[PDB]
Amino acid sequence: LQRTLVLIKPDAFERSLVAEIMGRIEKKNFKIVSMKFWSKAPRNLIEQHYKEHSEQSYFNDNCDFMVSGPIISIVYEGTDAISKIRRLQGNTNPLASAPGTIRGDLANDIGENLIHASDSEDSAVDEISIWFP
């Protein structure tokens, strides 16, 4: 049994895909245990969330995108939730994400890619602490 942190990104709001994305996770039988709506996430939380990427060329653009509209932060719980939701999410690169995955079916950009999900136990604990202190 694990908890993982998911962000529904501003592009999901713009494209009216919030329920579609949440629905794919819900139909897999994962349970919401925490959830917050952000009309606009604080820049500092975004920069902390993506701190690994702070020295990458796309960092500033990614952070700008992430504060360009609302986000939902959700903690999902289930057996092996972290890897399972990562599999559902699909590859970052739209040339690689498989049909059937959230990104494979719905995303068409490496940056505007609809959903974040924790990639490991350690990062899940870290990310949950950021969004749900």
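Start at 1 and count along the sequence shown; that's the residue number.
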{"query": "95 to 103 set against 26 to 34, stretch whose average Cα temperature factor tops the other in the entry", "finding": "26 to 34"}
{"query": "Residue stretch of maximal mean CA temperature factor, 121 to 129 vs 9 to 17", "finding": "121 to 129"}
{"query": "Third assignment of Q89 from its chain's C-alpha B-factors", "finding": "lowest"}
{"query": "CA B-factor ranking of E55, expressed as a third of its chain", "finding": "middle"}
{"query": "Chain third (lowest, middle, highest) by recorded CA B-factor, residue given as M66", "finding": "lowest"}
